[PDB]
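Given as structure tokens, the chain that follows is alone and in the form deposited without the RNA.
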């Protein structure tokens, strides 16, 4: 039992009492909120040729504490808050696993109690670190996680629910030993870059105190890490031979600036086919997967050496240049708003649909409390069809759900208040070669302006890559390069996917997907600054297509007006138990609600829809 003090909060960490059969277990308590996290890792190697790691964060109360149970009454599935928290925990712990740890691993978070004051999502990240630290699963140093908010200009560590609602910043920082950063996830109300950068430095300082406390608990209880059967990494002898065979051919492919996505991959695949054939001959007894991974290591090394040595990217761009950006609005007449955003070979179609206010709340209390009503009546739906990458796939996706929330909070600060309709932005990825999620914010802002929503300002996002050269002995970063508007290959062979969105005068969202086991804080600051100048250029291009919201909504847009029905005719109009109202609203598409005993409010998505419902009302009234 080790206590950690963070300014004015307490973090009680304990182990050895509950769930003693799991490989690792821990209980993290702040105030009256307790979360127990367990870690289980199979001893046998996994058949899958990667690191199978799943994180499941389960809650029992929907609206924190207030709803008693969602699991007892509704087994229908996992909300988006549970999925998002699982992704944040997964991002914080995955980089610290050793390379080649091909073993099935599950991290489960069980919310023992919640007081409705201290949020359990932050304690769940720390619980995963403590459970993995005390376990025998091979894992690197402990990770501390805090949430930084800004209330009345002051930075608050782990703000309560009451303060979180009044905060202009919602930033979560996961830090490694030596003040490294392994996870960043923020949503801000268009705050300045200077305020945003200060909060990151404050957060990393607080996570070091948690790491010191966890290391103390690891010292008290004897922790002996297991020895895995074998770590699945290609042998240096095989990797060296692959470098001799295919360095020149791979170098020529990556120095050929005429390649597109499909031709670059085909050229690399042709080298892979030839090299793997002679690799098996040289090593007849080698693992078949070891041949595949050895080529991927050599190809990644060759790709990264060009950026570091020559400052030239595989498509001929320099470190700061953007890809070609094309914008378009008013694609189809019947849509309330539309926009087609193109960035290199990434195409995104964004649509804006207006709906009734009542569409937010559905199906009694528990269902509408599992997924709470959005603060402003505005949600974003993200789709990643299989053909976006020329693929076959079945049509709950974790990546697509997470990207939708990332783009939704990027556009959230500029959405106006008290809009007379629900705003539903649908972002569809038609072609994928880069940051389609960031293109959803740019295209979503264009479609919002085209639909007539009076947003405060345009929102643009970009992804910043990173290529580093780490010393094999010290482990420190000798030198690094930051890339603007990375491709798919640069993200695949890079060290991070630093997606950040915002307006021209502020920052609205950030999601750093760091693949390295921690990066220095100054690299994060330079990534924010590099993306600041890249965002200005993108907003310059988008403003040429459209610079301000349209004066009025489209003529074929939704209408809302009241209809008066007498007391005598209400029985016939509503029908037996509201059957007539439910029948009319189901075929003509309108939504009718009673505001009082006399007047009803009718919402029709199109003027034609209201025309049908208007004659239907009058014929009953006569």
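Only residues modelled in both forms are compared. Think of the rigid core as the biggest set of C-alphas that the two forms share within 1.5 Å after superposition. Numbering follows the first chain given and starts at 1.
Another form, the form deposited with the RNA bound, is not on view; read the next lines as being about it.
(request) Could you confirm whether residue 432 comes within 4.5 Å of the RNA in the deposited bound form, counting heavy atoms only? (result) Contact with the RNA, yes.
(message) Can you work out whether residue 474 and the RNA are in contact in the deposited bound form, taking contact to mean some heavy atom pair no more than 4.5 Å apart?
(response) Residue-level check for residue 474: no, no contact with the RNA.
(request) Give a yes/no on whether residue 50 approaches the RNA to within 4.5 Å in the deposited bound form, heavy atoms considered. (result) Residue 50 belongs to the contact set for the RNA.
(message) Contact with the RNA in the deposited bound form for residue 312, defined as at least one heavy atom pair within 4.5 Å: yes or no?
(response) Residue-level check for residue 312: no, no contact with the RNA.
(message) Can you confirm whether 374, 582 and 614, the three residues that make up this candidate site, all sit within 4.5 Å of the RNA in the deposited bound form, judged by heavy atoms?
(response) Result no, not one residue of the spot touches the RNA.
(message) Tell me which stretch of 448-456, 383-391, 532-540, 276-284 has a heavy atom within 4.5 angstroms of the RNA in the deposited bound form.
(response) This holds for exactly one stretch, 383-391.
(request) Only one of 492, 289, 257, 251 comes within 4.5 Å of the RNA in the deposited bound form by heavy atoms, so just point that one out. (result) Of the listed residues, the single hit is 492.
(request) Only one of 586, 63, 595, 54 comes within 4.5 Å of the RNA in the deposited bound form by heavy atoms, so just point that one out. (result) By the 4.5 Å criterion, the partner-contacting residue is 54.
(message) For the stretch 93-127, I need every residue with any heavy atom inside 4.5 Å of the RNA in the deposited bound form, listed N to C.
(response) Only a single residue, 94, comes within 4.5 Å of the partner.
(message) Against the rigid core, a Cα displacement of 2 Å or more between the shown form and the other one applies to just one of 71, 387, 492, 251. Which?
(response) After core superposition, the one over threshold is 71.
(message) Please check whether, in the deposited bound form, the CA atoms of residue 40 and residue 74 lie closer or farther apart than here, given a change of 3 Å or more.
(response) It is closer: in the deposited bound form, the C-alpha atoms of residue 40 and residue 74 lie at least 3 Å nearer than they do here.
(message) After superposing on the rigid core, which segments of 3 or more consecutive residues have every C-alpha shifted by 2 Å or more between the shown form and the other one?
(response) The run that moves is 68-75, and no other.
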